[PDB]
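Each answer follows from the model by the rule given with it, or from the source it names; nothing here is a laboratory result. Backbone-built Cβ (ideal geometry, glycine too); neighbour counts: all protein chains shown.
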Amino acid sequence: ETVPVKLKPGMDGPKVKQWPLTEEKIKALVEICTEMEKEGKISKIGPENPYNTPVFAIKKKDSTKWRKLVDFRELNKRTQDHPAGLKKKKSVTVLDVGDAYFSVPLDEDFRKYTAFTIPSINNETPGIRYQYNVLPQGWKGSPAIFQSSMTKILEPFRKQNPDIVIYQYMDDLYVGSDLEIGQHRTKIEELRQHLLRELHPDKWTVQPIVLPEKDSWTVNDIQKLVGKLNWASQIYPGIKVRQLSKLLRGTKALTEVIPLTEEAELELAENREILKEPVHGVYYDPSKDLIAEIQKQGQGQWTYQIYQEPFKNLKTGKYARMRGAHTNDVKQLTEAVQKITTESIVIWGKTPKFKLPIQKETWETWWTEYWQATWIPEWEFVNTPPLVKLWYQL
Amino acid sequence: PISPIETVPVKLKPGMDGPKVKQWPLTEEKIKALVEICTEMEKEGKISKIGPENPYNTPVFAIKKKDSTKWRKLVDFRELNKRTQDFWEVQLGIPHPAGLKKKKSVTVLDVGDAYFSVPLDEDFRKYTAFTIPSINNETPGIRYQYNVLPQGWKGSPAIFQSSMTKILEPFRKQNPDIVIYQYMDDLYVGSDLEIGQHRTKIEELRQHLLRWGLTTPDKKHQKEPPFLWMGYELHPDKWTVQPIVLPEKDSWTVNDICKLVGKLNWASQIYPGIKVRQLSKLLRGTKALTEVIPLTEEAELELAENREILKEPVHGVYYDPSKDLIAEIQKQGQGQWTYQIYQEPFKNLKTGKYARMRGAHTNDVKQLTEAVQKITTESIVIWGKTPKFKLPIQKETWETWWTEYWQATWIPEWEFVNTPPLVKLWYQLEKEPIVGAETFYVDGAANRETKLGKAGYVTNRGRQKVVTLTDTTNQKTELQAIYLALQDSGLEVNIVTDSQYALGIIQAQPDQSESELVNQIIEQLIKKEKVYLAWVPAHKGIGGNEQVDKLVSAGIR
DNA sequence: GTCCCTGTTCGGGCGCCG
DNA sequence: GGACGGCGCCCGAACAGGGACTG
Ligand SMILES: Cc1cn([C@H]2C=C[C@@H](COP(=O)(O)OP(=O)(O)OP(=O)(O)O)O2)c(=O)[nH]c1=O
Ligand SMILES: [Mg+2]
Ligand SMILES: [Mg+2]
């Protein structure tokens, strides 16, 4: 028996056009949907259902199976409406328990809102439309509705291990412990056996604003430094640029060498210490979105900030692959986005809205060739001013 | 006959009612055509006489078909269409001959009176009420409703496409290795069978369709090459487009231009080198379809080159999945590009053109990256995979740009092709300030009320200049200051600006802009040997920024 | 807030197909 | 002539941001 679910008042369902898929993905989706239909989990529908949500597939790393992935971001936006100790465990593994959802029916009046359309190569046939009969993977309501059965299945494992932390975010179980990695993997297999019925969050580090060290300073150097500190004073009111700026009175050449006074040297060491302290007065508000910004720093380095109001950063970090003879910017940006989403889910149990430093078209052309998660965060695209790139540079 | 398939339930939009619209006057010829069609359809139960219990009506007319003998009955359902529920369209695109694979045997066939074989939902039938006007003074006019899909209703294309997919599903499951391209009711059928066994399978298919109420009249059953399909001619090893006729008018209106541009875009799929930049620019700010625009000389020449290109013979080939897909890109001016997709050297699968202007300011590497993106999603639609590229850009140029550019940008497996015009960066900003180059501190100010402003610079060697401007903006004064520093500097210059607007533009290394003033700047930057551009926060007393700020604020702030 | 400048979306012509 | 849906192209209108102003 089903649980009624409604939409947020005054909101119609999703009407997103399906995007083109490669042959691999189409073949996988067609076989997966065929099986899903033999089992009653989805049903064919026609064009009198006016709703649509895109669909694709990911081939997991060295797994010979594919996984369907519905992009339910709009539907989740439109559907009616956290263990702090998880961020501290020595090791955390992430299980894909979306399968469970196929055991629970879905309120009939809701089913039409989960429509999706398989496309065809070279448009040989019209698209072929389906809708859901059970809890769909990647839908905000699937974990909400299955929560009670989930708690029931987990009660004994949590009793026999109260030192293990289990958290559920939509299609995913996060399991954390303080075990040697062999014993941790053994406990994880215990949990996967019971469910027939590697992260290390304590090593994530903050990337602080950092100032150059020099024995000889030019007008150019000091001008760049004053601009960087002027910017950083909006995050740290301790910062001051009076004396350093005083060194620049007049109209000097950019390469003139400037000797630093005692006052300016003091100011610089003070500012250098102020940037050590953490950002004061920043409290997480759950009823607002996490904003993630990423800046490409070049040579495989990327920097990111998670905040909710401008200059009030909840976290700042970097992702750094090794320098690239055959480096792929879009693949790296996708990896950065998945890593950051993982961290935000673990810490605050919520995904950020990403501002991506890439063209809309480039991203949409390629990002699904590197996606490996079961959720998809919201994003928008920006044309970053290389100033901020210089600001957070390492 | 009428398909025994289940109907598709449909509904009006909430709080809405059926149309009540007067039949208009039709010519006598169309009234005879309609009369014959209607009494025949009535005998077959496709339309039913209605009485005065039905309050609705909507106008009806008729046009000749492709076959100029036969008529086509149409209904202006624009009102009912407004008042009808939404559908999700299921036709996601248009099949393309370059995506077809070589086949031993081929058949093209068409369904007869396709729409009129698919039942319409009973609850909705009353809204389709129409009236055939009196052909006589002595004969009155008959009123009917539809029991099958009518032409002119907004729900018919999708309902028919869906019904056809359902009807063909059993045959496909049973015959997975026979390929049926299904464009509304056109069927291309390909098999790897000898002609006899193939014809037997085609008879199976015809009877399968007939069981579901769809006839395949022999008149449209093509059995020998060349096949006429989707606007093309399909020969056993090559395809072509059915000929393009460009108009030859002497006066040209907007509508004439749109026709010309449309046919050229159609032609570029297999003709290499089509250009529409100038012809298209001709449409800017035009009033309406009737406005006569006179051809520029640039558009004149463009059209001449296109006409020549069209006088040539050209064809495509079919797809071999066991070979790579290769796209080769060629530049033309004005942000225009053509491409050829092929597998063996001089046998194109297809061709195309990319010309879209994205953004106020851009350069040729950006444009090439977006041409690559367009071709990649086109390839995924038509062949389901990404091609290998051959681009007129050196690996060092790409490397440099990808280093210097702050955005994520990427291009799949590719190889340098030495066919000019090569794509290059036309200048490069320094990363460090330049020893021996004079240092300019530039700034602009503008009064938002009167729109008067000043641009100018001071240098570390004592030069000072201020230029006054009328009807300008802050952003524009900043750009003018940079232009001035470039005009008055040597081959090597350090420039310091307070304006992150101007810095963000100039830093992305544009070679084209819709702004004249940015074009003039770009020209200067190409003339230089070394340029270095630093930034400082405005209004903080820093360095030479202060002097020039006080100079340009004088009579404006 | 306002003015500027720049990006995306959508709708309106046309091409082509049925 | 003229009705419908699909994709393509191109242009302009109506938005949505983000940065810099006035006293
Ligand atoms: C060409 C065309 C078509 N249609 C609809 C209706 C029939 C299907 C198929 O078109 P068709 O094969 O040429 O017409 P059809 O009704 O089948 O008549 P015949 O094929 O028997 O001549 O698309 C339409 O609504 N407007 C059009 O202009
Ligand atoms: Mg037909
Ligand atoms: Mg300024």
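So that you can scan it fast, the table gives a plain yes or no per residue for (1) within 14 Å of chain B (Cβ to nearest Cβ); (2) more than 16 Å from the chain's Cα centre (by Cα); (3) surrounded by 18 or more Cβ atoms within 10 Å (Cβ to Cβ); (4) farther than 30 Å from A:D172 by Cβ:
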| position | (1), (2), (3), (4) |
| --- | --- |
| A:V282 | no, yes, no, no |
| A:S287 | no, yes, no, no |
| A:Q299 | yes, yes, no, yes |
| A:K331 | yes, no, no, no |
| A:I345 | no, no, yes, no |
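Yes or no, residue by residue, for (1) in contact with a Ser or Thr (Cβ under 9 Å, 6 or more places away or on another chain); (2) in the same structural domain as B:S191 (by CATH); (3) more than 12 Å from ligand 1 (Cβ to nearest atom):
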site: B:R72; (1), (2), (3): no, no, no
site: B:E79; (1), (2), (3): yes, no, yes
site: B:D86; (1), (2), (3): no, no, yes
site: B:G99; (1), (2), (3): no, yes, yes
site: B:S105; (1), (2), (3): yes, yes, yes
site: B:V111; (1), (2), (3): yes, yes, no
site: B:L120; (1), (2), (3): yes, no, yes
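Every residue, every condition in (1) more than 18 Å from A:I164 (Cα to Cα); (2) within 20 Å of the chain's Cα centre (by Cα); (3) exposed (fewer than 15 other Cβ atoms within 10 Å of the Cβ); (4) not polar (S, T, N, Q), yes or no:
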| position | (1), (2), (3), (4) |
| --- | --- |
| A:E48 | yes, no, no, yes |
| A:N52 | yes, no, no, no |
| A:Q80 | yes, no, yes, no |
| A:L95 | no, yes, no, yes |
| A:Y101 | yes, no, no, yes |
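Restricting the stretch B:473-509 to residues that are in a loop (DSSP other than H, G, I, E, B), within 13 Å of chain A (Cβ to nearest Cβ) and within 30 Å of B:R356 (Cβ to Cβ) leaves a set whose member that is nearest to DNA strand D (Cβ to nearest atom) is B:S499.
When only residues in the stretch B:167-197 that are in contact with a strand residue (DSSP E or B) (Cβ under 8 Å, 6 or more places away or on another chain) and within 30 Å of B:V60 (Cα to Cα) count, which is farthest from DNA strand D (Cβ to nearest atom)? Taking the candidates together, the pick is B:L187. Exactly one residue out of B:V458, B:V442, B:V467 is away from chain A (no Cβ under 14 Å), crowded, with 16+ Cβ neighbours inside 10 Å and in contact with a helix residue (DSSP H, G or I) (Cβ under 7 Å, 6 or more places away or on another chain), and it is B:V467.
Against the numbered list (1) charged (D, E, K, R); (2) crowded, with 20+ Cβ neighbours inside 10 Å; (3) touching an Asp or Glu at 6+ places or on another chain (Cβ under 8 Å); (4) more than 15 Å from B:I482 (Cα to Cα), B:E546 comes up short only at (3).
Quick check on the stretch B:60-87: of everything there that is surrounded by fewer than 21 Cβ atoms within 10 Å (Cβ to Cβ), assigned to a loop (DSSP other than H, G, I, E, B) and more than 16 Å from ligand 2 (Cβ to nearest atom), which residue is farthest from the other protein chains (Cβ to nearest Cβ)? This residue is B:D76. Here A:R129 fulfils each of the conditions (1) away from every other protein chain (no Cβ under 14 Å); (2) out of contact with any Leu (no Cβ under 8 Å at 6 or more places or on another chain) apart from (1). If the condition is being surrounded by 13 or more Cβ atoms within 10 Å (Cβ to Cβ) and not in a loop (DSSP other than H, G, I, E, B), then the stretch A:271-280 contributes A:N271, A:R272, A:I274. Summed over the stretch B:188-225, residues that are closer than 21 Å to B:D237 by Cα, more than 15 Å from DNA strand C (Cβ to nearest atom) and either within 14 Å of chain A (Cβ to nearest Cβ) or β-branched (V, I, T) (or both) total 2. Scanning the stretch B:364-391 for residues that are more than 9 Å from chain A (Cβ to nearest Cβ), over 16 Å from the mean Cα position of the chain (by Cα) and buried (at least 21 other Cβ atoms within 10 Å of the Cβ) yields B:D364, B:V365, B:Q367, B:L368, B:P387, B:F389, B:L391. I want to confirm something. Restricting to the stretch A:224-260 and keeping residues that are of a type in the set (D, E, K, R) and assigned to a loop (DSSP other than H, G, I, E, B), which single residue is nearest to the other protein chains (Cβ to nearest Cβ)? Only one residue tops the list, namely A:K252. You will find that of B:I244, B:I270, the residue that is of a type in the set (V, I, T) and within 10 Å of DNA strand C (Cβ to nearest atom) is B:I244 and no other.
One line per residue, one yes/no per condition, for (1) surrounded by 13 or more Cβ atoms within 10 Å (Cβ to Cβ); (2) away from ligand 2 (no atom under 16 Å from the Cβ); (3) away from chain A (no Cβ under 14 Å); (4) over 24 Å from B:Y339 (Cα atoms):
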| position | (1), (2), (3), (4) |
| --- | --- |
| B:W252 | yes, yes, yes, yes |
| B:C258 | yes, yes, yes, no |
| B:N265 | yes, yes, yes, no |
| B:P272 | yes, yes, yes, no |
| B:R284 | no, yes, yes, yes |
| B:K287 | no, yes, yes, yes |
| B:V292 | no, yes, yes, yes |
| B:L301 | yes, yes, yes, no |
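Of all residues in the stretch A:179-202, those satisfying the criterion of being in contact with a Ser or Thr (Cβ under 8 Å, 6 or more places away or on another chain), surrounded by 14 or more Cβ atoms within 10 Å (Cβ to Cβ) and outside any helix (DSSP H, G or I) are A:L179, A:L199.
Evaluating A:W19 against the criteria (1) more than 10 Å from chain B (Cβ to nearest Cβ); (2) within 29 Å of A:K360 (Cβ to Cβ); (3) in a loop (DSSP other than H, G, I, E, B); (4) hydrophobic (A, V, I, L, M, F, W, C) leaves one unmet condition, (1).
Considering only residues that are under 18 Å from B:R83 (Cα atoms) and in a loop (DSSP other than H, G, I, E, B), look in the stretch B:108-160 and name the one that is nearest to ligand 3 (Cβ to nearest atom).
At the first step, the residues of the stretch B:108-160 found to be under 18 Å from B:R83 (Cα atoms) are B:120-130, B:145-146, B:149-159.
If we keep only those that are in a loop (DSSP other than H, G, I, E, B) as well, we get B:120-121, B:129, B:149-150, B:152, B:154-155.
Details: B:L120: 68, B:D121: 67, B:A129: 70, B:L149: 66, B:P150: 66, B:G152: 61, B:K154: 55, B:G155: 59 Å.
Residue satisfying both the conditions and the ranking: B:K154.
Inspect the stretch A:57-71 for any residue being within 14 Å of chain B (Cβ to nearest Cβ), in a strand (DSSP E or B) and in contact with a strand residue (DSSP E or B) (Cβ under 9 Å, 6 or more places away or on another chain) and give the result as yes or no. Yes, the conditions are met somewhere in the stretch A:57-71.
Considered as a group, the residues in the stretch B:115-167 that are within 14 Å of another protein chain (Cβ to nearest Cβ), within 16 Å of ligand 2 (Cβ to nearest atom) and small (G, A, S) include one that is surrounded by the fewest Cβ atoms within 10 Å (Cβ to Cβ), and that residue is B:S156.
Checking each residue of the stretch A:209-223 against the condition of being in contact with a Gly (Cβ under 7 Å, 6 or more places away or on another chain), in a helix (DSSP H, G or I), within 11 Å of chain B (Cβ to nearest Cβ) and not β-branched (V, I, T) gives at least one match.
The residue of the stretch B:510-550 that is nearest to B:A455 (Cα to Cα), among those that are in a helix (DSSP H, G or I) and within 11 Å of chain A (Cβ to nearest Cβ), is B:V548.
Do we have A:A325 as outside the structural domain of A:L173 (by CATH), farther than 16 Å from A:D71 by Cα and surrounded by fewer than 21 Cβ atoms within 10 Å (Cβ to Cβ) here?
Working: outside the structural domain of A:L173 (by CATH): yes; farther than 16 Å from A:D71 by Cα: yes; surrounded by fewer than 21 Cβ atoms within 10 Å (Cβ to Cβ): yes.
Considered against the rule, which asks whether it is outside the structural domain of A:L173 (by CATH), farther than 16 Å from A:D71 by Cα and surrounded by fewer than 21 Cβ atoms within 10 Å (Cβ to Cβ), A:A325 comes out as yes.
So is A:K276 within 12 Å of another protein chain (Cβ to nearest Cβ) and among the basic types (K, R) or not? Steps first, answer last, please.
On the way: within 12 Å of another protein chain (Cβ to nearest Cβ): no; among the basic types (K, R): yes.
Judged against the criteria, A:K276 is not a match.
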